[PDB]
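**Student:** So here's start10.cif, just mmCIF, C-alpha atoms:
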```
data_target
#
loop_
_atom_site.label_atom_id
_atom_site.label_comp_id
_atom_site.auth_asym_id
_atom_site.auth_seq_id
_atom_site.Cartn_x
_atom_site.Cartn_y
_atom_site.Cartn_z
CA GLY F 1 25.41 99.64 27.74
CA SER F 2 23.00 96.92 26.63
CA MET F 3 19.74 95.16 27.41
CA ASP F 4 21.57 92.72 29.68
CA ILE F 5 23.34 95.53 31.51
CA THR F 6 20.13 97.51 31.96
CA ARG F 7 18.33 94.49 33.41
CA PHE F 8 21.37 93.72 35.61
CA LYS F 9 21.13 97.21 37.10
CA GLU F 10 17.37 96.94 37.56
CA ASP F 11 17.82 93.57 39.33
CA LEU F 12 20.43 94.94 41.73
CA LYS F 13 18.43 98.07 42.49
CA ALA F 14 15.37 95.97 43.34
CA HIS F 15 17.51 93.71 45.53
CA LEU F 16 18.97 96.68 47.39
CA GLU F 17 15.56 98.26 47.99
CA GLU F 18 13.55 95.13 48.78
CA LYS F 19 16.06 92.94 50.63
CA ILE F 20 19.17 94.71 51.91
CA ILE F 21 17.83 98.08 53.05
CA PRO F 22 14.82 96.73 55.02
CA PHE F 23 16.98 94.10 56.70
CA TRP F 24 19.52 96.55 58.06
CA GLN F 25 16.76 98.96 59.11
CA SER F 26 15.51 96.15 61.37
CA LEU F 27 18.84 96.12 63.26
CA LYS F 28 18.29 99.64 64.63
CA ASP F 29 18.87 99.69 68.43
CA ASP F 30 16.34 102.12 69.88
CA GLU F 31 17.21 101.22 73.46
CA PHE F 32 20.82 102.32 73.60
CA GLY F 33 21.53 103.76 70.17
CA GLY F 34 23.33 102.47 67.10
CA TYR F 35 22.64 99.04 65.64
CA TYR F 36 22.57 95.61 67.32
CA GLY F 37 25.93 93.91 67.08
CA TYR F 38 25.16 90.30 66.21
CA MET F 39 22.63 88.04 64.54
CA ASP F 40 23.31 84.30 64.46
CA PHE F 41 22.81 81.78 61.64
CA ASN F 42 19.32 81.00 62.93
CA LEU F 43 18.43 84.68 62.65
CA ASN F 44 18.43 85.44 66.37
CA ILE F 45 19.56 88.94 67.29
CA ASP F 46 21.73 89.23 70.38
CA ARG F 47 20.72 92.68 71.57
CA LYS F 48 23.44 92.65 74.23
CA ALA F 49 26.26 91.91 71.77
CA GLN F 50 29.29 94.17 71.82
CA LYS F 51 29.24 96.78 69.07
CA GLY F 52 32.19 97.07 66.72
CA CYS F 53 33.14 100.52 65.51
CA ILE F 54 33.85 99.37 61.97
CA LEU F 55 30.38 97.82 61.74
CA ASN F 56 28.77 101.07 62.88
CA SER F 57 30.83 103.16 60.43
CA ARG F 58 29.95 100.75 57.64
CA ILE F 59 26.26 101.10 58.47
CA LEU F 60 26.74 104.87 58.54
CA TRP F 61 28.41 104.79 55.13
CA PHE F 62 25.75 102.46 53.73
CA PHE F 63 22.67 104.42 54.72
CA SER F 64 24.35 107.72 53.78
CA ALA F 65 25.26 106.29 50.38
CA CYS F 66 21.72 104.99 49.90
CA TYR F 67 20.45 108.50 50.50
CA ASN F 68 23.05 110.04 48.20
CA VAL F 69 22.17 107.70 45.33
CA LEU F 70 18.47 106.90 45.87
CA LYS F 71 17.31 109.93 47.91
CA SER F 72 15.50 107.77 50.44
CA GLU F 73 14.60 110.01 53.39
CA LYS F 74 14.25 106.97 55.66
CA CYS F 75 17.82 105.96 54.84
CA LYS F 76 19.03 109.44 55.81
CA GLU F 77 17.26 108.98 59.16
CA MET F 78 18.96 105.60 59.61
CA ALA F 79 22.32 107.23 58.82
CA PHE F 80 21.64 109.91 61.44
CA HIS F 81 21.08 107.15 63.99
CA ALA F 82 24.48 105.60 63.20
CA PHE F 83 26.12 109.04 63.22
CA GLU F 84 24.70 109.81 66.67
CA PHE F 85 26.16 106.59 68.08
CA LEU F 86 29.53 107.24 66.44
CA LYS F 87 29.67 110.77 67.84
CA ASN F 88 28.36 109.90 71.30
CA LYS F 89 29.98 106.54 72.04
CA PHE F 90 32.76 105.68 69.60
CA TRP F 91 34.39 109.12 69.42
CA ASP F 92 37.05 109.64 72.10
CA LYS F 93 36.34 113.08 73.58
CA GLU F 94 39.62 113.15 75.51
CA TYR F 95 42.20 111.87 73.03
CA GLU F 96 40.17 112.06 69.78
CA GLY F 97 39.71 109.38 67.14
CA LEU F 98 37.52 106.27 67.33
CA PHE F 99 37.48 103.40 69.85
CA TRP F 100 37.72 99.83 68.56
CA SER F 101 34.59 98.55 70.30
CA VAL F 102 31.98 99.39 72.92
CA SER F 103 29.36 97.45 74.84
CA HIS F 104 25.76 97.34 73.66
CA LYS F 105 25.18 100.29 76.03
CA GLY F 106 28.17 102.23 74.69
CA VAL F 107 30.66 101.51 77.47
CA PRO F 108 34.18 101.31 76.04
CA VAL F 109 35.32 97.70 75.64
CA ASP F 110 38.51 98.28 73.66
CA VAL F 111 39.81 101.86 73.62
CA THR F 112 42.90 101.23 71.48
CA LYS F 113 43.13 103.18 68.24
CA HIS F 114 43.50 101.25 65.00
CA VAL F 115 44.12 102.86 61.61
CA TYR F 116 41.59 100.43 60.07
CA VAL F 117 38.93 101.86 62.36
CA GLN F 118 39.94 105.50 61.78
CA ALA F 119 39.80 104.96 57.99
CA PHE F 120 36.26 103.58 58.04
CA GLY F 121 35.37 106.55 60.23
CA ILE F 122 36.55 108.93 57.53
CA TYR F 123 34.71 106.92 54.87
CA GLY F 124 31.40 106.95 56.73
CA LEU F 125 31.60 110.50 58.07
CA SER F 126 32.48 111.97 54.69
CA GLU F 127 29.57 110.13 53.05
CA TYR F 128 27.28 111.31 55.85
CA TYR F 129 28.49 114.90 55.39
CA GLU F 130 27.47 114.66 51.73
CA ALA F 131 24.04 113.35 52.78
CA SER F 132 23.38 115.78 55.64
CA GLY F 133 25.61 118.84 55.34
CA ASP F 134 26.47 118.33 59.02
CA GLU F 135 29.62 120.34 59.63
CA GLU F 136 30.35 118.32 62.78
CA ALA F 137 30.69 115.19 60.64
CA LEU F 138 33.07 117.12 58.39
CA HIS F 139 35.14 118.28 61.36
CA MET F 140 35.51 114.75 62.73
CA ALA F 141 36.47 113.36 59.32
CA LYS F 142 39.11 116.09 58.91
CA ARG F 143 40.45 115.51 62.42
CA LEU F 144 40.78 111.76 61.73
CA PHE F 145 42.71 112.58 58.56
CA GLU F 146 45.01 114.97 60.47
CA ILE F 147 45.66 112.39 63.20
CA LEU F 148 46.50 109.64 60.69
CA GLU F 149 48.90 111.90 58.81
CA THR F 150 50.61 113.48 61.82
CA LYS F 151 50.62 110.67 64.41
CA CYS F 152 50.35 107.37 62.53
CA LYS F 153 52.19 107.79 59.25
CA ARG F 154 55.78 106.64 58.72
CA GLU F 155 58.12 106.48 55.72
CA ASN F 156 56.81 103.13 54.46
CA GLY F 157 53.17 103.37 55.46
CA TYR F 158 51.06 103.63 58.58
CA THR F 159 51.87 102.10 61.91
CA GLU F 160 48.53 100.40 62.43
CA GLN F 161 47.74 100.14 66.14
CA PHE F 162 48.04 102.61 69.01
CA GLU F 163 47.14 102.96 72.65
CA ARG F 164 44.16 105.18 73.39
CA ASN F 165 46.52 108.21 73.72
CA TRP F 166 48.22 107.47 70.36
CA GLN F 167 51.35 105.86 71.79
CA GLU F 168 52.26 103.26 69.20
CA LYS F 169 52.09 99.55 69.92
CA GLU F 170 52.41 96.22 68.13
CA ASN F 171 49.67 95.35 65.63
CA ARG F 172 46.75 93.06 66.44
CA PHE F 173 46.47 91.17 63.14
CA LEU F 174 48.23 87.80 62.97
CA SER F 175 49.47 85.40 60.33
CA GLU F 176 48.01 81.88 60.25
CA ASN F 177 50.92 80.81 62.48
CA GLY F 178 50.30 83.58 65.01
CA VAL F 179 53.04 86.05 64.01
CA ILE F 180 52.13 89.73 64.23
CA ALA F 181 51.83 91.49 60.88
CA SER F 182 53.11 95.04 61.17
CA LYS F 183 51.91 96.05 57.71
CA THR F 184 48.65 94.79 56.25
CA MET F 185 47.28 95.41 52.77
CA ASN F 186 43.73 95.55 54.12
CA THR F 187 44.37 98.43 56.52
CA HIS F 188 46.14 100.40 53.82
CA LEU F 189 43.43 99.67 51.26
CA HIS F 190 40.78 101.21 53.45
CA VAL F 191 42.97 104.27 54.06
CA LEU F 192 43.09 104.62 50.24
CA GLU F 193 39.30 104.14 50.00
CA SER F 194 38.54 106.70 52.69
CA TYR F 195 40.96 109.31 51.33
CA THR F 196 39.38 108.95 47.89
CA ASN F 197 35.95 109.69 49.35
CA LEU F 198 37.30 112.57 51.42
CA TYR F 199 39.04 114.16 48.42
CA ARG F 200 35.97 113.65 46.22
CA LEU F 201 34.02 115.84 48.63
CA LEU F 202 36.57 118.36 49.89
CA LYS F 203 39.20 118.85 47.13
CA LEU F 204 41.90 119.94 49.64
CA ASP F 205 45.57 119.88 48.61
CA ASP F 206 46.72 118.13 51.83
CA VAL F 207 44.21 115.37 51.14
CA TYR F 208 45.22 115.14 47.50
CA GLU F 209 48.89 114.68 48.42
CA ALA F 210 48.04 111.93 50.89
CA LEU F 211 45.83 110.22 48.34
CA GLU F 212 48.64 110.20 45.77
CA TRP F 213 51.08 108.97 48.42
CA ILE F 214 49.00 105.94 49.37
CA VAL F 215 48.31 105.14 45.70
CA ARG F 216 52.09 105.20 45.08
CA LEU F 217 52.60 102.91 48.07
CA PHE F 218 50.31 100.37 46.44
CA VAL F 219 52.16 100.61 43.14
CA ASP F 220 55.70 100.54 44.58
CA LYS F 221 55.51 98.36 47.67
CA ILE F 222 52.25 96.41 48.05
CA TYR F 223 51.70 95.10 44.51
CA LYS F 224 53.66 92.07 43.34
CA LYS F 225 54.63 93.26 39.84
CA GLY F 226 53.22 91.29 36.91
CA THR F 227 51.47 88.73 39.10
CA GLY F 228 48.05 90.35 39.47
CA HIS F 229 48.34 89.97 43.24
CA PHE F 230 49.00 92.15 46.25
CA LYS F 231 50.87 91.24 49.37
CA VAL F 232 48.59 90.36 52.29
CA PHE F 233 50.30 90.28 55.73
CA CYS F 234 53.83 91.71 56.03
CA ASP F 235 56.57 92.78 58.36
CA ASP F 236 57.27 96.47 58.99
CA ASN F 237 59.04 96.75 55.62
CA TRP F 238 56.38 95.17 53.37
CA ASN F 239 58.19 91.84 53.19
CA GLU F 240 55.56 89.10 53.12
CA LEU F 241 55.25 86.89 56.19
CA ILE F 242 53.82 84.09 54.05
CA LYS F 243 53.40 83.47 50.33
CA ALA F 244 49.73 84.35 50.26
CA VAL F 245 47.14 85.75 47.89
CA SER F 246 43.69 87.06 48.82
CA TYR F 247 41.65 87.10 45.64
CA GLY F 248 38.82 89.20 47.08
CA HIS F 249 41.21 91.89 48.24
CA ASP F 250 42.93 91.85 44.85
CA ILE F 251 39.76 92.42 42.87
CA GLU F 252 38.50 95.03 45.38
CA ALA F 253 41.84 96.86 45.10
CA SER F 254 41.64 96.73 41.32
CA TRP F 255 38.55 98.90 41.13
CA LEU F 256 39.36 101.07 44.17
CA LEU F 257 42.73 101.92 42.62
CA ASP F 258 41.09 102.63 39.25
CA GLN F 259 38.66 104.90 41.11
CA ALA F 260 41.44 106.79 42.91
CA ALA F 261 43.27 107.14 39.57
CA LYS F 262 40.51 109.39 38.21
CA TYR F 263 41.64 112.07 40.68
CA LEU F 264 45.37 111.81 40.03
CA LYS F 265 47.06 114.94 38.75
CA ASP F 266 50.16 113.01 37.60
CA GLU F 267 49.34 111.57 34.17
CA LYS F 268 52.24 109.11 34.23
CA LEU F 269 51.16 107.69 37.59
CA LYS F 270 47.54 107.63 36.44
CA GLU F 271 48.50 105.54 33.41
CA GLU F 272 50.51 103.12 35.56
CA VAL F 273 47.69 102.68 38.08
CA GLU F 274 45.10 102.07 35.37
CA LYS F 275 47.40 99.46 33.81
CA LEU F 276 47.94 97.81 37.18
CA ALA F 277 44.22 97.69 37.91
CA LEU F 278 43.53 95.97 34.59
CA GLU F 279 46.36 93.50 35.06
CA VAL F 280 44.82 92.51 38.42
CA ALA F 281 41.37 92.06 36.87
CA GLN F 282 42.75 89.98 33.99
CA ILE F 283 44.73 87.66 36.24
CA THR F 284 41.92 87.39 38.81
CA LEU F 285 39.58 86.26 36.04
CA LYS F 286 42.14 83.76 34.77
CA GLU F 287 43.20 82.30 38.13
CA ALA F 288 40.36 82.70 40.61
CA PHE F 289 37.09 82.74 38.64
CA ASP F 290 35.88 79.16 38.28
CA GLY F 291 33.11 79.81 35.77
CA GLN F 292 30.45 80.85 38.26
CA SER F 293 32.14 82.62 41.19
CA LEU F 294 35.45 83.63 42.78
CA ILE F 295 37.45 81.51 45.20
CA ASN F 296 38.79 83.03 48.41
CA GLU F 297 42.54 82.75 48.92
CA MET F 298 45.68 80.69 48.49
CA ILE F 299 48.23 80.40 51.26
CA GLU F 300 51.41 78.87 49.91
CA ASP F 301 49.91 76.08 47.80
CA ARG F 302 46.77 75.61 49.90
CA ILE F 303 43.65 76.92 48.17
CA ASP F 304 40.45 77.95 49.97
CA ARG F 305 37.61 77.53 47.48
CA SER F 306 34.90 78.69 49.89
CA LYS F 307 32.60 81.32 48.46
CA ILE F 308 32.50 84.27 50.83
CA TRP F 309 29.80 86.94 50.61
CA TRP F 310 32.08 89.98 50.39
CA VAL F 311 34.50 88.35 47.97
CA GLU F 312 31.69 87.70 45.51
CA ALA F 313 30.29 91.23 45.98
CA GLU F 314 33.70 92.80 45.18
CA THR F 315 34.10 90.44 42.21
CA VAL F 316 30.91 91.78 40.62
CA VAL F 317 32.12 95.37 40.97
CA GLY F 318 35.71 94.63 39.96
CA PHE F 319 34.78 92.68 36.85
CA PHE F 320 32.09 95.18 35.84
CA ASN F 321 34.68 97.95 36.17
CA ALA F 322 37.10 95.99 33.98
CA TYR F 323 34.34 95.61 31.38
CA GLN F 324 33.73 99.37 31.42
CA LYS F 325 37.42 100.07 30.82
CA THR F 326 38.06 97.42 28.15
CA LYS F 327 34.69 96.60 26.55
CA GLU F 328 35.76 92.95 26.77
CA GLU F 329 32.60 90.87 27.21
CA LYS F 330 34.39 88.19 29.24
CA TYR F 331 34.44 90.59 32.22
CA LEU F 332 30.76 91.44 31.87
CA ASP F 333 29.89 87.76 31.58
CA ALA F 334 31.88 86.98 34.73
CA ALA F 335 30.28 89.84 36.67
CA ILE F 336 26.71 88.81 35.83
CA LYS F 337 27.51 85.09 36.39
CA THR F 338 28.86 85.94 39.84
CA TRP F 339 25.69 87.86 40.66
CA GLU F 340 23.60 84.89 39.50
CA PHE F 341 25.72 82.74 41.81
CA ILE F 342 25.08 85.13 44.72
CA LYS F 343 21.35 85.08 43.95
CA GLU F 344 21.21 81.28 43.96
CA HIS F 345 23.62 80.38 46.77
CA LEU F 346 24.34 83.33 49.08
CA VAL F 347 21.05 85.21 49.29
CA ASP F 348 19.27 83.58 52.23
CA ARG F 349 15.97 82.01 51.20
CA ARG F 350 14.60 82.18 54.75
CA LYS F 351 12.38 85.04 55.84
CA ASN F 352 13.84 88.02 57.69
CA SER F 353 17.38 87.39 56.50
CA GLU F 354 19.90 88.85 54.09
CA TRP F 355 23.09 87.25 52.68
CA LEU F 356 24.81 84.18 54.06
CA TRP F 357 28.40 84.66 55.23
CA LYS F 358 29.61 81.84 53.00
CA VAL F 359 29.05 78.48 51.44
CA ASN F 360 31.81 75.88 51.31
CA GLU F 361 33.43 74.58 48.13
CA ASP F 362 30.49 72.17 47.65
CA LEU F 363 28.01 75.07 47.94
CA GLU F 364 26.73 73.91 51.33
CA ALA F 365 25.82 76.58 53.86
CA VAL F 366 28.18 76.82 56.81
CA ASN F 367 26.97 77.95 60.27
CA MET F 368 28.11 81.60 60.42
CA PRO F 369 26.29 84.74 61.61
CA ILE F 370 24.29 87.03 59.34
CA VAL F 371 25.42 90.09 61.32
CA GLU F 372 28.73 90.36 63.18
CA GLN F 373 31.45 92.94 63.83
CA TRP F 374 32.90 91.95 60.43
CA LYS F 375 29.70 91.29 58.49
CA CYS F 376 28.07 94.49 57.36
CA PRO F 377 25.87 96.04 54.64
CA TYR F 378 28.89 97.78 53.11
CA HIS F 379 30.35 95.25 50.62
CA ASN F 380 27.05 93.95 49.26
CA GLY F 381 25.23 97.28 49.56
CA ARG F 382 28.09 99.00 47.75
CA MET F 383 27.98 96.36 44.99
CA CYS F 384 24.39 97.37 44.24
CA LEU F 385 25.06 101.10 44.57
CA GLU F 386 28.13 100.96 42.29
CA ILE F 387 26.23 99.30 39.46
CA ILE F 388 23.37 101.79 39.90
CA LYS F 389 25.86 104.70 39.65
CA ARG F 390 27.81 103.24 36.72
CA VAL F 391 24.94 102.24 34.41
CA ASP F 392 23.39 105.26 32.67
#
```
Write out the structure in this file as structure tokens.
**Tutor:**
Amino acid sequence: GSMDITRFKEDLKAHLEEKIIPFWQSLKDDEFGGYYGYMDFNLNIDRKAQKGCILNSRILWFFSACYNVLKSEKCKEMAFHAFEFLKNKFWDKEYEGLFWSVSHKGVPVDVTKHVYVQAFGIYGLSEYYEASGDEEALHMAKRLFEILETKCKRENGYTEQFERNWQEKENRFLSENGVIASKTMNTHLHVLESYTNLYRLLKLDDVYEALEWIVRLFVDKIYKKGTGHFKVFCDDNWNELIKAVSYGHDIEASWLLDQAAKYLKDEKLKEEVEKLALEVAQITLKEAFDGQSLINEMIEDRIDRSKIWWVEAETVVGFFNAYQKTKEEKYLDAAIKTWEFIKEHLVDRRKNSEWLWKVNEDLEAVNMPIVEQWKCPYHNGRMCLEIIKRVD
């Protein structure tokens, strides 16, 4: 460690406690349960917004994680609130697993079953089990795992979308030209993430084997060897639909794979994964870090240089992780620079706000919501919690 690293940690801990935690506490829906589903750019909450399951599971994970790391009793209470809504409204009592979305009152809006949603369920429920000891949370997380492995898994990865009763259907995620992507890196990344958390807490052999399997899938099929980049949207055989790179997903995968590797019982695979993770960090730094922050994506030869909140959050963690593994100061410098960028350009200066969704390539704010089904406390909250955990 160092003086700079110690002060970096102290800065992030203060930010988490003084900005992020109180903001998300204010989204608690005491009328119908869970958390309100939308807040616009002008900081207006739409209490009647539909509630996404992934957003609720991310809030569940976040408050549970805050308790597990900081021991805030209030955060545990906020986690309980999210857990109640998951159990009561998002959990399908008849066919099991988690609905895609419900109304603000909890009425099912979209009852289809997506692997992306089930994975975040496992991630949040396992974290909540650690926080609370609630065996019901454990049971649901285990059942989600069993359903993914026995109903959704195929030889080359997971089929990603199902009817409510687990009959498979075509996926819902589309390429930029509107073609359905049957295999997506993002869905499979969050399976990996959730299985790592589940194994961390349960050490069960079935879970271990599935963790190793999805890690191997990333090494053998999803990673583009030597390039530092993963495939993004693919057909059913992991052939790319478009030449595309998502730099935020790359750098997130780098440290999530490195994290999974710590549990691997195969030393040869562990060595390969650690090498892969470092290659991704090195190339991300070289290609996508512009001196102050990370750009977003490149589709064919078209580069999006917008600065997106979650991309910058994952960059801080991914580069700090690379520093820890290599002791190369360039990664530390990039991590702290990216945080200073976030502080100056993405942390909302208005009262009663949090982080902006994005600024454009000229660092101008763009009208986007502060809270939405896809904008959560998980990426930025986890950035803070990871540094707090990692710095002694």
**Student:** I'd like to see the residues matched by the PyMOL selection byres ((chain F and resi 366-378) around 6) on this file, and ideally I'd get them as a PyMOL selection string.
**Tutor:** chain F and resi 37-41+52+55+58+62+359+365+379-382
**Student:** Between F:223, F:90, F:230, F:263, which has the minimum distance to residue 204 (chain F) (counting only C-alpha atoms)?
**Tutor:**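 The answer is F:263, which sits nearest to residue 204 (chain F).
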**Student:** Pick the closest to residue 255 (chain F) from F:197, F:161, F:237, F:315: which is it, counting all atoms listed in the file?
**Tutor:**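 Closest candidate: F:315.
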**Student:** Name the closest residue to residue 244 (chain F) among the candidates F:78, F:53, F:317, F:303; distances are taken between atoms, counting only C-alpha atoms.
**Tutor:**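 Between F:78, F:53, F:317, F:303, the residue approaching residue 244 (chain F) most closely is F:303.
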**Student:** Quick one: of F:360, F:345, F:260, F:337, who's nearest to residue 306 (chain F), counting all atoms listed in the file?
**Tutor:** F:360
**Student:** Give me, as JSON, numbers by chain, all polymer residues having an atom no more than 12 Å from residue 205 (chain F), counting only C-alpha atoms and skipping those fewer than 6 positions away in the same chain.
**Tutor:** {"F": [195, 198, 199, 211, 212, 263, 264, 265]}
**Student:** Smallest atom-to-atom distance to residue 347 (chain F): which of F:127, F:267, F:250, F:312, using all atoms listed in the file?
**Tutor:**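 Checking each of F:127, F:267, F:250, F:312 against residue 347 (chain F), counting all atoms listed in the file, the winner is F:312.
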**Student:** Just how far from CA of residue 117 (chain F) is CA of residue 174 (chain F), in Å to one decimal?
**Tutor:**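 For CA of residue 174 (chain F) relative to CA of residue 117 (chain F), the distance reads 16.9 Å.
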**Student:** Evaluating the PyMOL selection byres ((chain F and resi 363) around 12) on the displayed file yields which residues, as a ChimeraX atom specification?
**Tutor:** /F:292-293,295,305-308,341-342,344-346,356,358-362,364-366
**Student:** What residues have an atom no more than 10 Å from (40.1, 108.5, 53.5) in the file's own frame, counting all atoms listed in the file, and can you write them as a ChimeraX atom specification?
**Tutor:** /F:118-126,141-142,144-145,148,189-200,207,210-211
**Student:** Now that the selection is made, can you save its residues with C-alpha atoms as a PDB file, keeping the file's coordinate frame?
**Tutor:**
```pdb
ATOM      1  CA  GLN F 118      39.940 105.500  61.780  1.00  0.00           C
ATOM      2  CA  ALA F 119      39.800 104.960  57.990  1.00  0.00           C
ATOM      3  CA  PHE F 120      36.260 103.580  58.040  1.00  0.00           C
ATOM      4  CA  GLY F 121      35.370 106.550  60.230  1.00  0.00           C
ATOM      5  CA  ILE F 122      36.550 108.930  57.530  1.00  0.00           C
ATOM      6  CA  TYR F 123      34.710 106.920  54.870  1.00  0.00           C
ATOM      7  CA  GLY F 124      31.400 106.950  56.730  1.00  0.00           C
ATOM      8  CA  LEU F 125      31.600 110.500  58.070  1.00  0.00           C
ATOM      9  CA  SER F 126      32.480 111.970  54.690  1.00  0.00           C
ATOM     10  CA  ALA F 141      36.470 113.360  59.320  1.00  0.00           C
ATOM     11  CA  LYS F 142      39.110 116.090  58.910  1.00  0.00           C
ATOM     12  CA  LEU F 144      40.780 111.760  61.730  1.00  0.00           C
ATOM     13  CA  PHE F 145      42.710 112.580  58.560  1.00  0.00           C
ATOM     14  CA  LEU F 148      46.500 109.640  60.690  1.00  0.00           C
ATOM     15  CA  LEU F 189      43.430  99.670  51.260  1.00  0.00           C
ATOM     16  CA  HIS F 190      40.780 101.210  53.450  1.00  0.00           C
ATOM     17  CA  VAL F 191      42.970 104.270  54.060  1.00  0.00           C
ATOM     18  CA  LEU F 192      43.090 104.620  50.240  1.00  0.00           C
ATOM     19  CA  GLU F 193      39.300 104.140  50.000  1.00  0.00           C
ATOM     20  CA  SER F 194      38.540 106.700  52.690  1.00  0.00           C
ATOM     21  CA  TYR F 195      40.960 109.310  51.330  1.00  0.00           C
ATOM     22  CA  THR F 196      39.380 108.950  47.890  1.00  0.00           C
ATOM     23  CA  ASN F 197      35.950 109.690  49.350  1.00  0.00           C
ATOM     24  CA  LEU F 198      37.300 112.570  51.420  1.00  0.00           C
ATOM     25  CA  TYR F 199      39.040 114.160  48.420  1.00  0.00           C
ATOM     26  CA  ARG F 200      35.970 113.650  46.220  1.00  0.00           C
ATOM     27  CA  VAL F 207      44.210 115.370  51.140  1.00  0.00           C
ATOM     28  CA  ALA F 210      48.040 111.930  50.890  1.00  0.00           C
ATOM     29  CA  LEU F 211      45.830 110.220  48.340  1.00  0.00           C
TER      30      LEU F 211
END
```
**Student:** Need to verify the contact set: region 1-11 of chain F, 7 Å, only C-alpha atoms, exclusion of same-chain residues closer than 2 positions in sequence. Can you return it as a list in words?
**Tutor:**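 Residues near the query, excluding close chain neighbours: residues 13, 14, 15, 387, 388 and 391 of chain F.
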**Student:** Evaluated on this file, the PyMOL selection byres ((chain F and resi 28) around 12) picks out some residues - which ones are they, written as JSON, numbers by chain?
**Tutor:** {"F": [21, 22, 23, 24, 25, 26, 27, 29, 30, 31, 32, 33, 34, 35, 36, 37, 38, 45, 47, 56, 59, 60, 63, 75, 77, 78, 79, 80, 81, 82, 85, 104]}
**Student:** Could you give me, as an NGL selection string, the residues that have an atom at most 12 Å away from the point (47.9, 101.8, 33.2) in the coordinates of the file, using all atoms listed in the file?
**Tutor:** :F and (219 or 254 or 257-258 or 261-262 or 267-280 or 325-326)
**Student:** Nearest to residue 17 (chain F): which of F:159, F:50, F:227, F:72 is it, counting all atoms listed in the file?
**Tutor:**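 Residue with the minimum atom-to-atom distance to residue 17 (chain F): F:72.
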**Student:** Separation of CA of residue 114 (chain F) and CA of residue 215 (chain F), in Å?
**Tutor:**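 Interatomic distance, CA of residue 114 (chain F) to CA of residue 215 (chain F): 20.3 Å.
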**Student:** As a compact mmCIF listing (two decimals), in the frame of the given file, could you write out region 26-40 of chain F once it has been completed with N, CA and C atoms?
**Tutor:**
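Output (result20.txt):
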```txt
# COMPACT_ATOMS: atom_id res chain seq x y z
N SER F 26 16.06 96.93 60.26
CA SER F 26 15.51 96.15 61.37
C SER F 26 16.52 95.91 62.50
N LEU F 27 17.78 96.28 62.27
CA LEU F 27 18.84 96.12 63.26
C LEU F 27 19.01 97.37 64.13
N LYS F 28 18.21 98.39 63.87
CA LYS F 28 18.29 99.64 64.63
C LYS F 28 18.04 99.39 66.13
N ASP F 29 18.97 99.84 66.97
CA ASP F 29 18.87 99.69 68.43
C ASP F 29 18.30 100.98 69.01
N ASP F 30 17.01 100.95 69.34
CA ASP F 30 16.34 102.12 69.88
C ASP F 30 16.45 102.21 71.39
N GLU F 31 17.04 101.19 72.01
CA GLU F 31 17.21 101.22 73.46
C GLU F 31 18.44 102.01 73.86
N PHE F 32 19.55 101.74 73.18
CA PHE F 32 20.82 102.32 73.60
C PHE F 32 21.50 103.09 72.50
N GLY F 33 20.92 103.09 71.30
CA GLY F 33 21.53 103.76 70.17
C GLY F 33 22.29 102.80 69.27
N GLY F 34 22.62 103.28 68.07
CA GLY F 34 23.33 102.47 67.10
C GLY F 34 22.52 101.29 66.61
N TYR F 35 23.22 100.22 66.26
CA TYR F 35 22.64 99.04 65.64
C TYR F 35 23.07 97.80 66.42
N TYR F 36 22.20 96.80 66.54
CA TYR F 36 22.57 95.61 67.32
C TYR F 36 23.78 94.95 66.70
N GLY F 37 24.61 94.32 67.52
CA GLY F 37 25.93 93.91 67.08
C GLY F 37 26.07 92.52 66.52
N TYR F 38 25.03 91.70 66.60
CA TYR F 38 25.16 90.30 66.21
C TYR F 38 23.82 89.69 65.89
N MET F 39 23.78 88.89 64.83
CA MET F 39 22.63 88.04 64.54
C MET F 39 23.16 86.68 64.11
N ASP F 40 22.72 85.60 64.77
CA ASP F 40 23.31 84.30 64.46
C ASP F 40 22.72 83.68 63.19
```
